[PDB]
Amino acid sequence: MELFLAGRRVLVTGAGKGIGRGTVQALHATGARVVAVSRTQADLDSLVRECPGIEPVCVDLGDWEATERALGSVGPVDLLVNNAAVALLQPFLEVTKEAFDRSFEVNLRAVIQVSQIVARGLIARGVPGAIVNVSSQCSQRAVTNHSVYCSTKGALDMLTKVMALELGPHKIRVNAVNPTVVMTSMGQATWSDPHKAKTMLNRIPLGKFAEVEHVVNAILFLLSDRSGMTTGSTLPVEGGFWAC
């Protein structure tokens, strides 16, 4: 099923590791031109060795001022994948001001900032485009010790809908994908213990966690014109967790 990403310029945040890195790889291989944004330069360095021709951009997206100086000069971007996030887990009664702030600055405020930059350029060129926000299964279902993280993702699902509403007349689509655990570093830091994992597994009808590949496939579908009448949506990649 052609998806018409060959040739397009795509920006991916949090591309150094995990889902964002596999997204860059998938995109490169299909022919799109990629701008890889990430916090750690050594991740970008290896990625430009593996995926020749991408453009690396190293910046901490939690810093509004520094992001604007690094990204303002990126140029024409057709497609955008907002993937960077942090997961700072704390029981509710132990949540601190600093964990709150950092989590919201990276997981949500950055999503606004980068999206504005790409959406202003699409409008100025008068062309259509698409944005995918990587959310989570726990945007809609509570998990212990995840009150701050799950609130950013709950906020992100809603941000996705207002973006979709306000950007729809400029033919820019905006969608979220909501995966279950993925055994990236972020998932393995938390669900590596056979027992905690087990309690989640028993709730997943397909009886397994997601692979990076499942997530990328959903991302690529939502970026392509194949999903031309889908916007404001939250696409689950959670093996059926939300259904039961």
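Residue indices: 1-based, along the sequence shown.
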Selected stretch [higher average CA B-factor]: 153 to 161 or 85 to 93: 85 to 93
Of 190 to 198 and 173 to 181, the one with larger mean CA B-factor: 190 to 198
Out of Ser103, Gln116, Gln140, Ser73, highest CA B-factor residue: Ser73
Residue of maximum C-alpha B factor among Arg69, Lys208, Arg39, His214, per deposited coordinates: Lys208
Position of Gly228 among the chain's modelled residues by C-alpha B-factor, lowest, middle or highest third: lowest
Record-listed C-alpha B factor of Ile112: chain third: lowest
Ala243 - which third its CA temperature factor falls in, relative to the rest of the chain: lowest
For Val57, the third of its chain into which the C-alpha B factor falls: middle
CA B-factor placement of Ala32, once the chain's modelled residues are sorted into thirds: highest
